[PDB]
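Chains as they are written, first to last, in the entry's author numbering: chain F, 148 to 220; chain c, 24 to 164, 172 to 268, 277 to 310; chain Z, 5 to 290.
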Amino acid sequence: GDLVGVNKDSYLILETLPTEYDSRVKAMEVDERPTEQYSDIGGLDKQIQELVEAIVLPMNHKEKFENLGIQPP
Amino acid sequence: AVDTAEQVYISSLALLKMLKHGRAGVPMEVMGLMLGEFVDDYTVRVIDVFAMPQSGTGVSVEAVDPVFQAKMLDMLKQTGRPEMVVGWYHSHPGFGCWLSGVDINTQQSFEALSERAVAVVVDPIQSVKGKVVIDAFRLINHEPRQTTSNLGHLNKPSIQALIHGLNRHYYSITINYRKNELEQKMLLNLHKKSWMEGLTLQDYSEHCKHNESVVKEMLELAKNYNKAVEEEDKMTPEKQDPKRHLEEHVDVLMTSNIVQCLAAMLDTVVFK
Amino acid sequence: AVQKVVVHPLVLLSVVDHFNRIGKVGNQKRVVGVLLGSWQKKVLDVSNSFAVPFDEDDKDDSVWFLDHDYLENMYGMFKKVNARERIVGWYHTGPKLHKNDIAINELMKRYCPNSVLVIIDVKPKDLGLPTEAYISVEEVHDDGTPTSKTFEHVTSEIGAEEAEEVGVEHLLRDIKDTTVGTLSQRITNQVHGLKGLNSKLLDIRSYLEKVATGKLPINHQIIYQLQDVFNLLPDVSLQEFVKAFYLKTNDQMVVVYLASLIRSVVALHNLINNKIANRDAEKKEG
Ligand SMILES: [Zn+2]
């Protein structure tokens with residue numbers, strides 16, 4: 148299940164290729180990187196903290212979770 | 024002067040070299056050169072053919088390595104072949120004999136090289152079962175060529191190269207094979223039956239099985255041969279089924295039985 | 005060892021062309037070239053060959069050119085066009101070996117560990133098998149005879165790849181005799197088989213003449229294999245064999261009876277219809 152470039156007539160593999168998922172799938176990823184600050188959200192501070200501790204903290208550290216032994220959400 | 028109906032004699036060695044290289048190249052087109060003599064304005068002789076390395080550029084002028092060609096020519100001159108090169112052949116597997124747009128220009132360069140160099144197209148996958156699809160082409164510069179003889183229309187062109195230009199941009203030249211008596215029955219040794227093969231007694235169990243099957247088929251043929259003769263009344267006067283099928287069956291059965299009996303007998307009396 | 009070598013049309017046509025090429029101007033008893041082939045199991049398949057600059061002295065039988073660098077770079081270029089074919093064996097056209105040939109084979113062994121030599125007698129156009137194959141052997145002979153650097157026969161035959169097969173058939177087409185040849189070709193093949201058997205038996209006669217008279221050394225080998233051959237004859241006229249032979253011959257006879265009788269019946273059926281048709285035409289004409 149690998150992507151390889153072969154000879155157009157003799158079909159001999161003469162290149163390996165990076166796996167291509169789909170054009171749409173490549174469209175889904177974010178490249179513009181929007182700029183809305185957390186301070187721009189008002190009143191939702193508790194929910195913001197919930198989402199941050201659920202998502203960002205597993206990204207940044209992974210040590211405070213493993214030191215406990217928890218599976219991050 | 025202006026060319027004519029002309030002819031091109033290619034030798035047995037050349038033809039086999041071309042066919043072998045083409046069957047090696049399929050499905051990728053391959054090309055090489057033939058050595059020969061411009062013997063006269065009315066025929067061109069080619070003897071021996073050497074293939075040349077298959078570059079990724081495909082069949083083109085760039086595919087002709089000058090170093091390989093030059094040193095191959097030098098070493099053939101040393102080995103005893105001083106034959107100066109006219110003619111290039113290439114393979115078109117899966118489609119008929121015709122000069123593609125690339126081929127037109129390659130032959131234009133080749134003609135500019137000597138003058139009367141001849142292009143050769145071989146289809147190695149259609150040249151099979153005893154038929155060889157070989158053909159040879161030359162480019163035109172009103173009147174395509176001089177028809178001063180009848181040996182120009184002893185052959186017939188083909189529609190494939192007709193649209194691809196068998197008379198339009200290039201013209202096909204009749205192809206002849208200059209085999210000699212020495213190559214004759216030198217090649218024949220390949221299918222030549224050996225004397226032990228001649229005195230071989232086949233296989234008695236298999237021969238009995240063969241007779242068993244053929245006589246039963248004879249019975250089933252005669253069954254409807256009876257009906258055919260019983261409808262002799264000549265309603266709506268009409277070669278399928280009984281008569282000639284019975285003929286071929288009796289012929290093959292009789293010859294097989296006769297030859298087996300004769301071989302068995304000869305072996306019995308001669309071998310002790 | 006090597007049990008078989010199969011030789012394709014291309015090499016034999018190439019060596020014929022080489023012989024005509026050299027004998028055209030430089031007529032010489034032989035020409036020498038190099039074969040290319042591949043190995044399946046322990047059988048060898050040879051389809052490629054090129055001429056190499058060669059020279060032999062007339063009688064010194066030790067003086068010889070075979071071109072090293074020419075052989076090497078010609079092989080390199082033939083590998084460039086087709087890399088499957090590697091150097092196996094060398095060919096020459098002389099109908100006879102020479103005391104000088106084993107040196108040629110030893111040189112060729114530098115390029116192939118078990119290089120095999122092939123004699124292709126182009127001039128002969130005779131009974132059969134225009135190719136002879138020989139390997140190099142060096143062994144103690146196991147019987148007290150002095151050991152020697154020797155050539156040993158290996159059986160050879162002609163086989164064709166499909167492209168070479170259509171190529172050869174197309175050229176043979178005009179002189180080609182049919183493969184089936186119901187009666188004529190089969191009877192001629194049996195007569196030719198008797199001819200070949202007689203020729204081989206006469207050759208064995210001449211060998212035994214030379215051995216008994218002493219001008220040829222006793223090989224001990226083969227001659228005892230020849231004695232095994234002589235004890236292998238079946239000795240027909242043993243009674244149960246006679247009974248079986250009569251039974252099978254009678255089966256062939258009844259089968260050919262049926263075929264001949266049906267042939268007579270169909271012949272009569274054509275005859276009667278032809279008579280009816282021509283008589284109908286005659287009656288209508290009036
Ligand atoms: Zn082309």
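Just so it is clear, CB atoms sit at the ideal spot from N, CA and C, and this is done for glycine as well.
Does the CB of residue i have a neighbour CB from chain c at under 8 angstroms?
i, result
"residue 129(Z)", "yes"
"residue 232(Z)", "no"
"residue 154(Z)", "no"
"residue 206(Z)", "no"
"residue 74(Z)", "yes"
"residue 256(Z)", "yes"
"residue 99(Z)", "no"
"residue 264(Z)", "yes"
"residue 69(Z)", "no"
How many Å lie between residue i and residue j at the Cα?
i, j, result
"residue 271(Z)", "residue 227(c)", "35 angstroms"
"residue 279(Z)", "residue 159(c)", "55 angstroms"
"residue 94(Z)", "residue 118(Z)", "11 angstroms"
"residue 185(F)", "residue 206(F)", "17 angstroms"
"residue 187(c)", "residue 240(c)", "46 angstroms"
"residue 148(F)", "residue 169(F)", "15 angstroms"
"residue 255(c)", "residue 113(c)", "55 angstroms"
"residue 32(Z)", "residue 103(Z)", "17 angstroms"
"residue 263(c)", "residue 287(c)", "27 angstroms"
"residue 223(c)", "residue 37(c)", "26 angstroms"
"residue 301(c)", "residue 161(c)", "56 angstroms"
"residue 190(F)", "residue 198(F)", "14 angstroms"
"residue 282(Z)", "residue 290(Z)", "13 angstroms"
"residue 61(Z)", "residue 34(Z)", "11 angstroms"
"residue 200(F)", "residue 208(F)", "11 angstroms"
"residue 80(Z)", "residue 135(c)", "31 angstroms"
"residue 203(F)", "residue 154(F)", "46 angstroms"
"residue 203(Z)", "residue 151(c)", "38 angstroms"
"residue 216(Z)", "residue 147(Z)", "21 angstroms"
"residue 130(Z)", "residue 22(Z)", "20 angstroms"
Given a cut-off of 8 angstroms, decide if residue j and residue i are closer than it, judged by their beta-carbon atoms.
i, j, result
"residue 28(c)", "residue 202(c)", "no"
"residue 249(c)", "residue 305(c)", "no"
"residue 152(F)", "residue 167(F)", "no"
"residue 126(Z)", "residue 137(Z)", "no"
"residue 158(Z)", "residue 139(Z)", "yes"
"residue 70(Z)", "residue 52(Z)", "no"
"residue 310(c)", "residue 237(Z)", "yes"
"residue 56(Z)", "residue 102(c)", "yes"
"residue 160(Z)", "residue 89(Z)", "no"
"residue 62(c)", "residue 33(c)", "no"
"residue 163(Z)", "residue 15(Z)", "no"
"residue 125(c)", "residue 67(c)", "no"
"residue 91(Z)", "residue 38(Z)", "yes"
"residue 252(c)", "residue 284(c)", "yes"
"residue 234(c)", "residue 247(Z)", "no"
"residue 141(Z)", "residue 154(Z)", "yes"
"residue 72(c)", "residue 40(c)", "yes"
"residue 196(Z)", "residue 111(c)", "no"
Under a CB-based cut-off of 8 angstroms, is residue i close to chain Z?
i, result
"residue 150(c)", "yes"
"residue 216(c)", "yes"
"residue 205(c)", "no"
"residue 104(c)", "yes"
"residue 254(c)", "no"
"residue 234(c)", "yes"
"residue 288(c)", "yes"
"residue 265(c)", "no"
"residue 247(c)", "no"
"residue 239(c)", "no"
"residue 306(c)", "yes"
"residue 374(c)", "In this structure chain c extends from 24 to 310, so residue 374(c) is not present and cannot be described."
"residue 298(c)", "yes"
For ligand 3, is there any heavy atom lying closer than 7 angstroms to the beta carbon of residue i?
i, result
"residue 264(Z)", "As presented, the structure is devoid of ligand 3, carrying ligand 1 as its sole ligands."
Closer than 7 angstroms between the C-beta and any heavy atom of ligand 1: which residues qualify, listed along the chain?
52(c), 82(c), 113(c), 115(c), 122(c), 123(c), 125(c), 126(c) and 144(c)
Are the segment 142-153 of chain c and the segment 37-45 of chain c touching by the rule of at least three beta carbon pairs closer than 8 angstroms?
yes
Under 8 angstroms, with one C-beta from each stretch per pair, do the segment 214-224 of chain c and the segment 165-183 of chain Z reach the 3-pair mark?
yes
Touch check for the segment 48-60 of chain c and the segment 103-121 of chain c: three-plus C-beta pairs under 8 angstroms?
yes
Would you check if the segment 128-143 of chain c and the segment 75-88 of chain c touch, i.e. whether three or more CB-CB distances between them fall below 8 angstroms?
yes
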